[PDB]
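What follows is one chain in structure tokens, specifically the form deposited in one PDB entry.
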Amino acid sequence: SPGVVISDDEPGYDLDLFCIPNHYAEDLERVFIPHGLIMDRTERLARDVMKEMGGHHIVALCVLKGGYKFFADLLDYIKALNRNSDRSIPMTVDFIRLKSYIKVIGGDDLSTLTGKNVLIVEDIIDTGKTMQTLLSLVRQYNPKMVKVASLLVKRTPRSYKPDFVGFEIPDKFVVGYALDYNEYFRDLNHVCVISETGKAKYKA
């Protein structure tokens, strides 16, 4: 499954139809994915993750910063399953950053991943090359399995497909739900599209 497919001819939602951060009022164009829809999709993903990555000890890797929201909510939904049903597994967590100029900064020593079920949690897959690099590096420390859950996957001329996908989006730049534009819009609950005012206001 490619996840929830949002087509190119999606107009999104008018800002005035939802509760939007006041300081971003004139900065956003449309709401592209409402927060509540992300939650419903993530709930289902949590059940698929446990069904696939059970029942050995899971190491959950959060790719900071954009992955932090999806990570926290996904784990919360996984927590809901483990405390309300039989058949569960203990989970440890770790948080990493990926550097360019490929380079894993932060997180524990990668030997912790050895012989374990590693769940990598991403915000978005664009070209897919970043995850290919990370998976190759991770694969050298020999785990039981390694899976990738990405909130977003872009339809675009690019290389990879994650094991768990929330939404398949058009080739547009989106912010919100921890996804950023120059560090901004992480403090936004919905996934949205920036306006021209916003891009110039928070330009680097």
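The term rigid core refers to the maximal set of C-alpha atoms that superpose within 1.5 Å between the two forms. Numbers for residues come from their place in the sequence shown, where the first is 1.
Engineer: Quick check on residue 133: across the other compared entries (only those modelling residues on both sides), is it unmodelled in a third or more?
Structural biologist: No.
Engineer: Output yes if residue 100 is unmodelled in at least a third of the other compared entries of this protein, no if it is modelled in all of them.
Structural biologist: Yes: coordinates for residue 100 absent from at least a third of the compared entries.
Engineer: I'd like the number of residues from the deposited sequence that lie between residue 159 and residue 160 yet are not in the model, binned as none, 1 to 3, 4 to 9, or 10 or more.
Structural biologist: In the deposited sequence, 1 to 3 residues between these two have no coordinates.
Engineer: Pick between 73-81 and 112-120: the one whose mean CA B-factor in the entry is higher.
Structural biologist: Mean C-alpha B-factor is greater for 112-120.
Engineer: Comparing 183-191 with 5-13, where is the mean C-alpha B-factor higher?
Structural biologist: Comparing 183-191 with 5-13, the higher average CA B-factor belongs to 5-13.
Engineer: Can you tell me which of 65, 57, 41, 47 has the maximum CA B-factor listed in the PDB entry?
Structural biologist: Highest C-alpha B-factor among the listed options: 57.
Engineer: Classify residue 61 as lowest, middle or highest third according to the C-alpha B-factor given in the PDB entry, relative to its own chain.
Structural biologist: It falls in the middle third of the chain.
Engineer: Comparing residue 144 with the other modelled residues of its chain, is its CA B-factor in the lowest, middle or highest third?
Structural biologist: For residue 144, the deposited C-alpha B-factor lands in the highest third.
Engineer: Among all modelled residues of this chain, ranked by Cα B factor, put residue 131 in the bottom, middle or top third, i.e. lowest, middle or highest.
Structural biologist: Lowest third of the chain for residue 131's C-alpha B-factor.
Engineer: Among the modelled residues of this chain, does the Cα B factor of residue 25 put it in the lowest, middle or highest third?
Structural biologist: Highest third of the chain for residue 25's C-alpha B-factor.
Engineer: Ranking the modelled residues of this chain by C-alpha B-factor as given in the entry, is residue 174 in the lowest, middle or highest third?
Structural biologist: It belongs to the middle third of the chain when residues are ordered by C-alpha B-factor.
In what follows, reference is made to the form deposited in another entry, a form of this protein that is not presented.
Engineer: Quick one: once the rigid core is lined up, does residue 183 have its C-alpha move by 2 Å or more between this form and the one not shown?
Structural biologist: Yes, its C-alpha moves 2 Å or more.
Engineer: Taking the rigid core as the reference frame, is the Cα of residue 65 displaced by 2 Å or more between this form and the one not shown?
Structural biologist: Yes, shifts by 2 Å or more.
Engineer: Tell me, please, whether between this form and the one not shown the C-alpha of residue 89 is shifted by 2 Å or more, with the rigid core used for superposition.
Structural biologist: Indeed, residue 89 is displaced by 2 Å or more.
Engineer: Residue 93 and residue 126: their C-alpha distance differs by 3 angstroms or more in the other form. Do they come closer or move farther apart compared with the shown form?
Structural biologist: Result: closer.
Engineer: Closer or farther: how do the CA atoms of residue 126 and residue 60 lie in the other form, compared with the form shown, if the change is at least 3 Å?
Structural biologist: Result: closer.
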